[PDB]
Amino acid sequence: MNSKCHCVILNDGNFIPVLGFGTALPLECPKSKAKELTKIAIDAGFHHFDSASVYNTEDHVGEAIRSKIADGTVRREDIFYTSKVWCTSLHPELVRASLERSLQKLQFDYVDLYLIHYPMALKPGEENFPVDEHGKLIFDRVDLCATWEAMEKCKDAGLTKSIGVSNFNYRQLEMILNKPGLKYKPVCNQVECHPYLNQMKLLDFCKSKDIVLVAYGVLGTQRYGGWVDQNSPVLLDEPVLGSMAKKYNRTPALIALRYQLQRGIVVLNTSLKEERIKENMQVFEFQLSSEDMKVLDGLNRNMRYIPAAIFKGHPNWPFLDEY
C-alpha cells in the first residue's frame, strides 16, 4: 500500500486510506451479507475495510476481497484490511492465536491493521459474551500493557503490518505510551465520532502523540440492538445537517463524512444499500468552508450511541472519564 491513495501516514511509516468501509452488520442480517457489501464497496473504489473477530463476518469479507483479487479487480497490496482482537482473547497468550484464527477465516497472510477492540477483558473461551445466570458478562482482569506487548509481537511476526487500539480513553492511551520498554506506539485509536460527539479533546490529544483517530458512528451508527438506545436521536435527521446539505448540494451523510475528513480523521462507514456506498465516495469531491466547520463543532452534545453499557461495571469502562 503505497502513497498514491488518499491516505495518511501512520507513526510506523505505513499508509492508511482515509475513507474505510465497515463490515459489521445489524443483528437482523445474515453474515453472508458482508460478502455482498464488500464486493459492492470494492467496485465503488473502497480500498480500506474494517472488521473484528467479534463481528463474525471476516470469512465472508475475505471471500469477497479474495474473489476481487482473483478476478483481477484489486491487488492485496492495494487493500487495507483491519481486524480487532476481542475481549475474551486479550490475555497475552491468546492474542496471537486469535489473529492466527482470523487469518485462517480470511485466508490472508497478514492483516494491515490489528487493534485491541476494547480495553476490557472478559472470561476466556469460545463464547464472545460469557455471562452468568443474571445475564451479566463475566469480566476478567488483564494487564492491558501485557496485551500491548503481545500485539507488538504480532507485528514482529509479520502477522499484521500495524497495531492500534479501539475505544481507549485518554488515560488508557497514556498507560500504553508511558509503558517502559514500549516498542511501537498505537498507530490509531478507533472511537465513535460524529457532530453530536465530536471528540475534540481526544482528537487533539491523539494528534499530539501521532495517533490517528479513526472514527466510527460517523453517520450515527447502525443503531445495533442492544448496544444502542433505540430512543437516542437519529444523527442524520439533525436539522443543521439537512440545512448544510442543501447549501452544498449534498446530503446529510456527505456533510457528516466531510466534516471528519477536514479534521484529519480517518472515517469508516457502513451502508446496507449499494447507492449509499457509491454516494459516500463523493466525500472527496467538495469542501466545507471553515465557518461551516465551526457550525458543526457547535452540535457537540455528548451523545454517545455506543457506550458499551453491557460493560458498565468493568474496572476499565473507558467512558466514565470526560475524555
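Start at 1 and count along the sequence shown; that's the residue number. Whichever C-alpha set is largest while still superposing within 1.5 Å between the two forms counts as the rigid core.
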| query | finding |
| --- | --- |
| Greater Cα displacement in 5 other deposited structures of this protein once the core is superposed, comparing 74-82 with 227-235 | 227-235 |
| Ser98 unmodelled in at least a third of other compared entries | no |
| Other entries omitting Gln199, at least a third | no |
| Of 58-66 and 26-34, the stretch whose C-alpha atoms average the higher B-factor in the entry | 26-34 |
| Mean C-alpha B-factor comparison - 173-181 and 81-89, higher one | 173-181 |
| Given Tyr216, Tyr110, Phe129, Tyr118, the residue at which the Cα B factor reaches its maximum | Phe129 |
| Residue with highest C-alpha B-factor in the PDB entry, from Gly158, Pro186, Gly226, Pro195 | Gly226 |
| Ranked against its chain, the third holding the CA B-factor of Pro307 | middle |
| Third of the chain, ranked by Cα B-factor, where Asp204 sits | middle |
| Ranked against its chain, the third holding the CA B-factor of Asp237 | highest |
| Record-listed C-alpha B factor of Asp50: chain third | lowest |
| Third assignment of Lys136 from its chain's C-alpha B-factors | lowest |
